[PDB]
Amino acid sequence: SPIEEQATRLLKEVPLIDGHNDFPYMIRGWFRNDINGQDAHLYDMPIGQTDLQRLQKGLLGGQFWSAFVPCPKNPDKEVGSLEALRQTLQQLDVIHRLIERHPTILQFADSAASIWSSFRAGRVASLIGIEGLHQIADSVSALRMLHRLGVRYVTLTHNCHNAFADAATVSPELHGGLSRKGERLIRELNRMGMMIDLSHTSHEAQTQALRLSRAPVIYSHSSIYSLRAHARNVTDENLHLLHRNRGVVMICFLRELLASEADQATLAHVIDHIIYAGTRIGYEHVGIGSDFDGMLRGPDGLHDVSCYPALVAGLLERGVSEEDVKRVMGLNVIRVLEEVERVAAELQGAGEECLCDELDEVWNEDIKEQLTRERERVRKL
C-alpha cells in the first residue's frame, strides 16, 4: 500500500518518541533485575507488551523508559519513603544496564542532540523518567542526583498524594492542587532542567503547575476529557493552559482513558484523541504516550510496541499532513526537552539560587566553639 510505504518513510526520516513505557518494571517483576544470560528472553519476552525484537519491528525512534516504583505502602512512613528511594536506584540501575548490554539497539539520550545522534546511528534513543515524587523521599538533593543519573522528566505524582502535589485518583484531596513545597519545587525543576510531567496529577494541580512553570511541560501519558471523562484525562481548560505553556500532551493507549467500556477501545479512538487535541491547540502540542507495560491489554490495533506503523498510517489516512504527523511522532517532545534545557541554562547563567533540603544540626555549640577556637589558633601562626 502507498500509505504503508509513506508511514515507513516517516519513521525512518524522524524518530517516533514515545512518552512512557514501563518495561523496566516488567524486568523487575519477571527477572528481578537480573538479566545475565537472558537475551533470548529480552528479545522474545514470555510476558508484556515490550521486547527488543518487537521494539525494532515497530520502528520506534526513541523512548522515555519509566523508572517507576510503587507508592509506599509501609505503616511506618519514613521506612516506606526511604524504601522507594532505594528501589528507584535499582530501577535506574537496570535501565542503564539494559542499554549498556544492548548497544546495537538502545543508546542513552538526555537531550535533543543526543536523541538525534542516536537516531542517525539507527538506535532507539533511550531516555529516562520517574513516575511520582514519592520516589525522591522528600529530598531535592536526591532529585538533582536522579537528574545527574539521566532522569529527564518527573511525574509530580502517581496514584498517591505526596508532600508536593495531589494525585488524580485519590480522594479526599490533600493540598487542593500543589502545596507550598510543590510551588517552590516547580522553580527548582525549571532551574535544573527537569521536564515537568503532569500525568497522574489532579486537574487543580495541572492548572497551578501550567500557570507557574517558566518552561514547557508534558503529559507523558494522558488523554482527552471531552471525548472520555476520567480524572486522569486533560480538560479543555488545562489543554488551553498547556498551549500558553508551550507544552505537549502525549496521548495514552490506556483503554480505560479512551472508552467507557474498556473492551471497545481501538486504534481509531487514539487517532480521535490526537486529532481533537491537534485541531483545538495545534499539532505542535500533541504527542504519543503509549503507557505500554503500564497495562495488561492494549487497544485493538495497538496491542504492543510493534504496532506504531499502524498509528502513523492511521493518522495519514485521516488527512493529518506529513509535517503534522512528524510533529506528533517526536519533533514536539524534542522541542519541549530543548526548551526545558534552554530555560535551565539561562536561569543557571543568571545565577539563580538552588532549593536546599532541611537538614538536622550535626554539631552543638560546644563543637562549634572548639572549631572557631582552633581556627583562631591557626590564624596566629
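Residue numbers run from 1 along the displayed sequence.
Relative to its counterpart among 260-268 and 126-134, 260-268 has the higher mean temperature factor, C-alpha atoms as listed in the PDB entry.
When 158-166 is weighed against 277-285, 158-166 comes out higher, by mean CA B-factor as recorded in the entry.
Among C71, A109, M250, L189, the highest C-alpha B-factor in the deposited entry belongs to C71. In this PDB entry, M26 carries a Cα temperature factor that places it within the middle third of its chain's modelled residues. Compared with the other modelled residues of the chain, the Cα B-factor recorded for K57 ranks in the middle third. Remark: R297 belongs to the highest third of its chain, ranked by C-alpha B-factor as recorded. Compared with the other modelled residues of the chain, the Cα B-factor recorded for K326 ranks in the middle third. Per-chain ranking of the deposited C-alpha B factor places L11 in the middle third.
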